[PDB]
Amino acid sequence: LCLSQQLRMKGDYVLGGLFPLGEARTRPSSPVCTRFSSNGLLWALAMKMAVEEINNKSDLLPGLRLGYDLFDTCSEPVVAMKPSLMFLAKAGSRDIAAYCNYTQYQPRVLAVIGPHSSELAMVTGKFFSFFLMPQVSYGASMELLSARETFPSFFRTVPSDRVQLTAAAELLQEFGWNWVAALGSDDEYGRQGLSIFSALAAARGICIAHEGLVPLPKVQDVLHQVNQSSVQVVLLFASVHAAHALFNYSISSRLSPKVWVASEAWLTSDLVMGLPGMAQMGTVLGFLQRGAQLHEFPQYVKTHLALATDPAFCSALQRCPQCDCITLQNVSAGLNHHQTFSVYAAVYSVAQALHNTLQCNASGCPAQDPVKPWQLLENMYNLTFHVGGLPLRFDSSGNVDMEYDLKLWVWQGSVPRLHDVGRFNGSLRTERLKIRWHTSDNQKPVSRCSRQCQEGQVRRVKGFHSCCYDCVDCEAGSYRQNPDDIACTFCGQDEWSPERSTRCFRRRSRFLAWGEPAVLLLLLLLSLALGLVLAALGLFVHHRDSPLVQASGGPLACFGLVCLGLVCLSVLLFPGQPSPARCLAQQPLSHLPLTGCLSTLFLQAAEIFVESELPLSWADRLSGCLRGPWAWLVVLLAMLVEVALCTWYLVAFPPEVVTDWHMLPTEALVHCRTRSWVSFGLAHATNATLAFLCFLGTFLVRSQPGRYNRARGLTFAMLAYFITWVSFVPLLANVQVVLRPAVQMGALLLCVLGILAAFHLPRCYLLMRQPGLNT
Amino acid sequence: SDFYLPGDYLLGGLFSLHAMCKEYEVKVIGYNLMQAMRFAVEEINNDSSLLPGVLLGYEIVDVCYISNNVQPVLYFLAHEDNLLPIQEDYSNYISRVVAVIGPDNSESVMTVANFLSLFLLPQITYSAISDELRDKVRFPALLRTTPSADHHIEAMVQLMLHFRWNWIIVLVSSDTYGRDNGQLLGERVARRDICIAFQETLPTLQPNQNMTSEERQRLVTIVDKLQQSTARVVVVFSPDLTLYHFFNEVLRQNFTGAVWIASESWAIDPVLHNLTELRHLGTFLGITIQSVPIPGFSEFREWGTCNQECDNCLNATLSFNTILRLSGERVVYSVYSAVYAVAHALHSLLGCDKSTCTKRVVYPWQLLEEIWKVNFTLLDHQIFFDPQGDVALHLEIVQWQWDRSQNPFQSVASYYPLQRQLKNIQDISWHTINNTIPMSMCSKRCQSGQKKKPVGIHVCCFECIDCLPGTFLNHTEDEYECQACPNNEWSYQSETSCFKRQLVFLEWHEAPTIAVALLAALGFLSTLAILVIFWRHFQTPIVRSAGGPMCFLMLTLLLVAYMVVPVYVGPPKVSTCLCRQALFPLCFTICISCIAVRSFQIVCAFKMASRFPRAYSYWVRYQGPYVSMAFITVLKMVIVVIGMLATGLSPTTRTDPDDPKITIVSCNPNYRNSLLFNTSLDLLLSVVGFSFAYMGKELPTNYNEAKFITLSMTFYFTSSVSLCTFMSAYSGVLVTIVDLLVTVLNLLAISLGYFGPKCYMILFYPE
Ligand SMILES: *[C@@H]1O[C@H](CO)[C@@H](O)[C@H](O)[C@H]1NC(C)=O
Ligand SMILES: *[C@@H]1O[C@H](CO)[C@@H](O)[C@H](O)[C@H]1NC(C)=O
Ligand SMILES: *[C@@H]1O[C@H](CO)[C@@H](O)[C@H](O)[C@H]1NC(C)=O
Ligand SMILES: *[C@@H]1O[C@H](CO)[C@@H](O)[C@H](O)[C@H]1NC(C)=O
Ligand SMILES: *[C@@H]1O[C@H](CO)[C@@H](O)[C@H](O)[C@H]1NC(C)=O
Ligand SMILES: *[C@@H]1O[C@H](CO)[C@@H](O)[C@H](O)[C@H]1NC(C)=O
Ligand SMILES: *[C@@H]1O[C@H](CO)[C@@H](O)[C@H](O)[C@H]1NC(C)=O
Ligand SMILES: *[C@@H]1O[C@H](CO)[C@@H](O)[C@H](O)[C@H]1NC(C)=O
Ligand SMILES: *[C@@H]1O[C@H](CO)[C@@H](O)[C@H](O)[C@H]1NC(C)=O
Ligand SMILES: *[C@@H]1O[C@H](CO)[C@@H](O)[C@H](O)[C@H]1NC(C)=O
Ligand SMILES: *[C@@H]1O[C@H](CO)[C@@H](O)[C@H](O)[C@H]1NC(C)=O
Ligand SMILES: *[C@@H]1O[C@H](CO)[C@@H](O)[C@H](O)[C@H]1NC(C)=O
Ligand SMILES: *[C@@H]1O[C@H](CO)[C@@H](O)[C@H](O)[C@H]1NC(C)=O
Ligand SMILES: *[C@@H]1O[C@H](CO)[C@@H](O)[C@H](O)[C@H]1NC(C)=O
Ligand SMILES: *[C@@H]1O[C@H](CO)[C@@H](O)[C@H](O)[C@H]1NC(C)=O
Ligand SMILES: *[C@@H]1O[C@H](CO)[C@@H](O)[C@H](O)[C@H]1NC(C)=O
């Protein structure tokens, strides 16, 4: 086949060449690569095609022949250094001198078509820059190769990583995902991409939740860190292998779908593209290059393969010894490869720079001394060269300018396809109406941070950089002591705080005040009860000699009326500010006169019972003694036993004026509280026993029609007492604590009203209206 | 000049004399290392035990920081006629130099090693800490005399661990050095339970030039974000050139209280210490190589083509002579050891026997092969190359001291790369009030018995939330979540040890229960005496007109109820509650039904006989009271069985609100509804019984039966109302004793108010 024999071509000016024609110590011998690479041979044939087409054209380099030296460079730099030294050696000689500067050198090649790999491009460019040899590199993309301080003679025909990373940052900012996670492959490509994206995101307001490096074929930690933050957009700027490993592991672990912003490395790679289960990992929006394709390259390469198969031509006429023992189907896999255009345009750019340096027209091109390689640089900046009808330019930093296309993946029948939904020519312009997202509906996945926290909130720094604050609302009872505080601080437990508040508010007491409507209604009831008591007392003291009061006690009746009035008056001390003496004396002063009245009614009941259901033999002794001085002694004994019990449970059971700091929501409480059911229960025991005995001795009696029923009043008074207090107890047990004294008051007032209306009212009715029955 | 010395075997050098190279400003460290190499070669020439009779020369070429890294190497590999041949195999090639002492920075070393890989010339670089030089696949002929950045990061991490700093701040530079160091430290620190608050890139800004407004905003943003954070350990991976502006603006913003940790780049930089205003920022630690005192070198240093000259070097080194002398030599020993390593390798390659040498031609690859295997001693230090091309020189953490009377950089720690251990730490003069270790923790230590709750992505940051009542925290198992105590025992707030709830119930020896027992015993004795008396007098109108068998069965059932009263007190078991609820309600309801039916048949039967004659005839032909008694009794067993099926049988455990420490035990899990139903039935019977008695209250009947029935039934009504109101207004430990009191007093009512007057008129009224 002898295809490798054409790798040289004599000419007035000869170009270099560094292609990956091959693939993969103690002695200083260059390793030899025997494995054959189809891409490298395709690129070398592309540059040969470009040179041949240049020689065909009469308007470009007229009357001149351009040559080439297509040299094999494996991905290793050790095998690529020797062709560089061969390039810089003097033509026709096999040694390179070590002069002080470039001007003494006469390199055998006008320019060099640099290596495809960027790791090799770094070393090759740093070596060439000392001699100022013009180098145009297809495929070298990472940004720091554009630093003119260290690469004054290094150009390129592919866009740098800076433009696509700027496109990705503009995409994230335009769709609004200002809280994203950045990932990169473990090699230099991913690290440079992460650094550039860090700078661009910091410039554009985007924050990176987590910056991690996915290892080349660990991953578990990176995925856990990404999932720890609530991030739904992940920029994966990785090589093909790292992205494939990441996606395979995420397939095994069943990660939630995310919007992976794809680098050009794995956006169009079929290994990642055809991974099983990949459809369940959200949309993949990448920025594919928008570059033309050689529409006649496959025909050219097939023609020259067939022509080199012919022995006559090649016989009439190493670098790649494996390139001779190849056939057409060993290369057909990559005919539609987009680096062919990069190589083609690099060759055209070098030729146009040479043509401009010779400053010569289309008809001819004047004779002169051969131009030094370093003389091309002055004319290859600002260079404008047309490659297949499309103009291209070299920036001041040796980077060509071309636009991009925002391509996303679609899914039908597990067959992913690329679709154009945007264009980045320095200003992103997307068509988001047609974008189909992975969410349950066609809604953009929200992934956003709070740049600032709203007033009245605590701020917590998030992100790998201190970018955005996780604004947190904390419940009531707390306040933001300082703007810089991470968490809100509680206040002194004696003052309430509302939700979402900068400061606490002081708790103010709210007890049963004299102005409350319940207090007003009970005061009106108290005034009515006092009026009734006073009217009955006046009636009983005016008709004191009448048989009515004489049978119904006498002075005892007036004493009981005064006791009822004094109970009504002592009801008045319950409300207001709970002074300690007032709260202590509530029960005794509300119970002593009630005890006296109950004892008087009980003596009346006992007299009735003795005269009703006892033998006359005992009656003649009991009736004559139960009334008079012995009656006064009995009621006095009741009063003193009540007073002794009262002092006993005031000295033993302490009635405390507690201040419930945590009962009402926004206001304080001042509660007069005593022992549960024991204090007032023991206080009520004597009254309960007196009333029970009175009821028992009265509620059976013989009421002959010729006599006044002196028992009905007592029975209904005792019944009213019992029912009102029995209904009162659950009211005490369930009423809201502020109205507890009001419930106490109601119990006492209804007690007095019941005893009046049952016992004294029927007597007074006939005392005033029908005095014909007082015989 | 001093840049050339002819000999049998030259030894090239590469030193950064400026930062053509002549127009740049002069650097003192480059000339210092140059003199170090010259002294090393000269002392090799002196020593007759090492390389005897073989003169060793050198060829030193000035290289800039970056600019000049290609021409000197080509000069090194050129022949004596300045021509470098090109060929496939270089085993027969003889280079001008035999070895080269590589540049002082990572990038120029990388370039020189990439270009020298073809020839395999040995290259012992110094002070190049990048880890990409660790692998020999792409740098076959590269060595070092300085531990890699791996050991610098390890020393930093050990220093943080020793002083308990788990919340730090990383600042890097836009260069590759800062980025690689930051990534390396971030990867190292994630496995030692130390978190990074944030990592920020300092913009590159060389001094002696004016900054832009955008860079000023950048720096003020950096220091604002630094100050607002609670981390107080700031590691900086940045070359010493660009740290002037950052520290100036830090001083401007008046930010204090940070423990700055310095990488090897600016840990020994003199100018930053010369700024002499950083002393108020805090402590300034740094990582640098141990200083090895080289004998007879200070006096030697003081005695003294293109890009191969310097003129202002001596004048510049004159000013920094005292600080260099007091600070010792840090990178000088690296060059000294590298030159001795080449010398020992060449001496072993020639096979010299300390008297004679074969003087054979040396190929550089042979020298590399020999130099990979050198192991000698030098100033009490072992010099041997690890398989990845490094020698374990002790590192050192140095704390800047702002006093010119002693060393400006005073050592406080020593790091041994072989053991990866940092040890021998001395006192460090901190920036705190009473010389206490600065605290750099993000989350305070939780109080004993308090749950840990993560607050963010960082594992070391958390919030302490106390365990709710009823649970504790088992620190041994898991400190992130509370673990409740089983076996029905309760725990208080912030308690790590659950305590068993003591079981409180009715015990025989207590005051209320002994009062109840005495009262029930009095009732039992009285009713037993009543039965004895009633059996003593029969065929008597009171016991014959009234129900004889009725009264006898009533009194026997009352005896049974009194005898089973004491089963209530004691441990509540299944049989206890079964017998209790099968005897007490049954007997009491049967008593109430008998009382009601007796009152009915003595009062309302006469009135009913007028309206329904055949109903009265059926009632008298059969035993109406007996059949009604049986009907009410079977209704009662039915209702008690259905309540049985509803509320269950096992004794229950309920936690009273008074004290969770105690746990009262009743036998009915739902006691409120059960007692409500029982009292509802009892009162539904009671109302009709009482009304029947009251309508015929004055009738003499069977010796005033209606009156005593009425009084007893009203007493029961009041007692039941008292029970209802007490239960509605109270729920606690005394519920059981109150139930006993009310039940026994109801039994006393039924006994006394219906049988006591009978005994009264039998004993005292025999007429
Ligand atoms: C150059 O032109 C010749 C005819 O003169 C043609 O055969 C050949 O294919 C051309 N080379 C190209 C198109 O590369
Ligand atoms: C290169 O070095 C030579 C030495 O003779 C000098 O004359 C010439 O000006 C230099 N050229 C440069 C620095 O461009
Ligand atoms: C990811 O995070 C979510 C939300 O916190 C969590 O439920 C889930 O277990 C995590 N892991 C995976 C593999 O989804
Ligand atoms: C994908 O991940 C699984 C689970 O970790 C692993 O076993 C497998 O080897 C991976 N697939 C490939 C093709 O490497
Ligand atoms: C050509 O393809 C055949 C068939 O796959 C293969 O065996 C042969 O090695 C290839 N030739 C190369 C790679 O030079
Ligand atoms: C252009 O230059 C060529 C070569 O010197 C010359 O022959 C020709 O006349 C010039 N002008 C035009 C219009 O071609
Ligand atoms: C050449 O580049 C320079 C850079 O300063 C620019 O000013 C000039 O306009 C350019 N010339 C062109 C684009 O023709
Ligand atoms: C980019 O293309 C847009 C249209 O999408 C156009 O308006 C704009 O001028 C272009 N910008 C550049 C810098 O070419
Ligand atoms: C030894 O080295 C010293 C410097 O260290 C030098 O001055 C002297 O000439 C050398 N030779 C002898 C014999 O001292
Ligand atoms: C900026 O720096 C320059 C260079 O030293 C100096 O002359 C100038 O005064 C500085 N300030 C301003 C405001 O330009
Ligand atoms: C201290 O901080 C304040 C506030 O930023 C600043 O104005 C001042 O210059 C700083 N220095 C001194 C010495 O007060
Ligand atoms: C050393 O620091 C001092 C103190 O600020 C300074 O004045 C001097 O310029 C610095 N440099 C020297 C002495 O080289
Ligand atoms: C050092 O500086 C002095 C003046 O202080 C000057 O006379 C001398 O020439 C300088 N030495 C040099 C530049 O080598
Ligand atoms: C170097 O030799 C010393 C002394 O015998 C020995 O302790 C040390 O282990 C040796 N080192 C190596 C790497 O063999
Ligand atoms: C440090 O020393 C002072 C003076 O003795 C002492 O009062 C003070 O408590 C110490 N400081 C601290 C923070 O313990
Ligand atoms: C707590 O953890 C220890 C240690 O594993 C275990 O033995 C114990 O049972 C756990 N529970 C308690 C209540 O101590």
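Going by Swiss-Prot, the residues shown for chain A are 23-46, 54-246, 255-354, 368-825, listed in order.
Even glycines carry a Cβ here, placed using N, Cα and C.
Annotation source Swiss-Prot lists N-linked glycosylation site at A:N85, A:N130, A:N264, A:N285, A:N380, A:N411, A:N432, A:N475, citing sequence analysis. Swiss-Prot lists A:536-545 with the feature region 'Required for brazzein responsiveness'. Taken from Swiss-Prot, the feature topological domain 'Cytoplasmic' applies to A:592-603, A:661-682. The feature topological domain 'Extracellular' is assigned by Swiss-Prot to A:625-639, A:704-729, A:784-789. Residues annotated as transmembrane segment in Swiss-Prot: A:571-591, A:604-624, A:640-660, A:683-703, A:730-750, A:763-783, A:790-810.
Swiss-Prot feature annotations superimposed on the structure.
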| residue | record | Cβ within 10 Å |
| --- | --- | --- |
| A:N85 | N-linked glycosylation site | 8 |
| A:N130 | N-linked glycosylation site | 13 |
| A:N264 | N-linked glycosylation site | 15 |
| A:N285 | N-linked glycosylation site | 17 |
| A:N380 | N-linked glycosylation site | 11 |
| A:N411 | N-linked glycosylation site | 11 |
| A:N432 | N-linked glycosylation site | 11 |
| A:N475 | N-linked glycosylation site | 13 |
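The transmembrane segment (A:790-810) and the transmembrane segment (A:730-750) are not in contact, since fewer than 3 Cβ pairs between them lie under 8 Å (pairs 6 or more apart in sequence). Across the break of 8 residues that separates A:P246 from A:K255, the C-alpha atoms are 10 angstrom from each other. Proximity of the glycosylation sites (A:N264, A:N380, A:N411) to ligand 5: a Cβ under 6 Å from the molecule is found for A:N380. Remote same-chain partners of the region 'Required for brazzein responsiveness' (A:536-545), defined as residues 6 or more beyond its termini with a Cβ less than 8 Å from a stretch Cβ, comprise 508-510, 522, 524, 527-530, 554-557, 711-712, 718. Distance between Cα atoms for A:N380 (N-linked glycosylation site) and A:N85 (N-linked glycosylation site): 29 Å, as a whole number. Comparison of A:571-591, A:683-703, A:730-750 by number of C-beta pairs under 8 angstroms to the transmembrane segment (A:763-783) places A:730-750 first.
Only A:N411, of the glycosylation sites A:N264, A:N285, A:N380, A:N411, A:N475, place a Cβ under 6 Å from an atom of ligand 6. Checking the glycosylation sites A:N85, A:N285, A:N432 for a CB within less than 6 Å of any atom of ligand 7 leaves A:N432, listed in sequence order.
For the pair A:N411 (N-linked glycosylation site) and A:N285 (N-linked glycosylation site), the C-alpha distance works out to 58 angstrom.
Ligand 1 lies under 6 Å from the Cβ of the following glycosylation sites, listed in sequence order from A:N85, A:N380, A:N411: A:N85. For the pair A:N285 (N-linked glycosylation site) and A:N264 (N-linked glycosylation site), the C-alpha distance works out to 16 angstrom.
Cβ atoms under 8 Å from those of the topological domain 'Extracellular' (A:704-729) belong to residues 543-544, 546, 548, 555, 557-561, 627-630, 632-634, 636-637, 787-788, 790-791 of the same chain, restricted to positions at least 6 beyond its ends. Proximity to ligand 8 (Cβ under 6 Å from any of its atoms) holds for none of the glycosylation sites A:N130, A:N264, A:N285, A:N411.
Within its own chain, the topological domain 'Extracellular' (A:784-789) has Cβ neighbours under 8 Å at 560-562, 568, 710, 713, 719, 721, counting only residues six or more beyond its boundaries.
The model of this deposited entry stops at A:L354 and resumes at A:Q368, leaving 13 residues out; those two Cα positions are 16 Å apart. Take the Cα of A:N475 (N-linked glycosylation site) and measure to each of the glycosylation sites A:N85, A:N130, A:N432: the nearest one is A:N432. Listed in sequence order, the glycosylation sites among A:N85, A:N130, A:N285, A:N380, A:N475 whose CB lies under 6 angstroms from an atom of ligand 4 come out as A:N285. In the three-state DSSP reading, A:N411 (N-linked glycosylation site) counts as coil. Only residues 6 or more beyond the boundaries of the topological domain 'Cytoplasmic' (A:661-682), in the same chain, are considered here, and those with a CB under 8 A from a CB of the stretch are 606, 653, 750-752.
Across the structure, A:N130 (N-linked glycosylation site) and A:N264 (N-linked glycosylation site) are spaced 55 Å apart at their Cα atoms. Across the topological domain 'Extracellular' (A:704-729), DSSP helix (H, G, I), strand (E, B) and coil residues number 1 helix, 7 strand, 18 coil.
Separation across the 7-residue hole in the deposited chain, A:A46 to A:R54, is 14 Å (Cα atoms).
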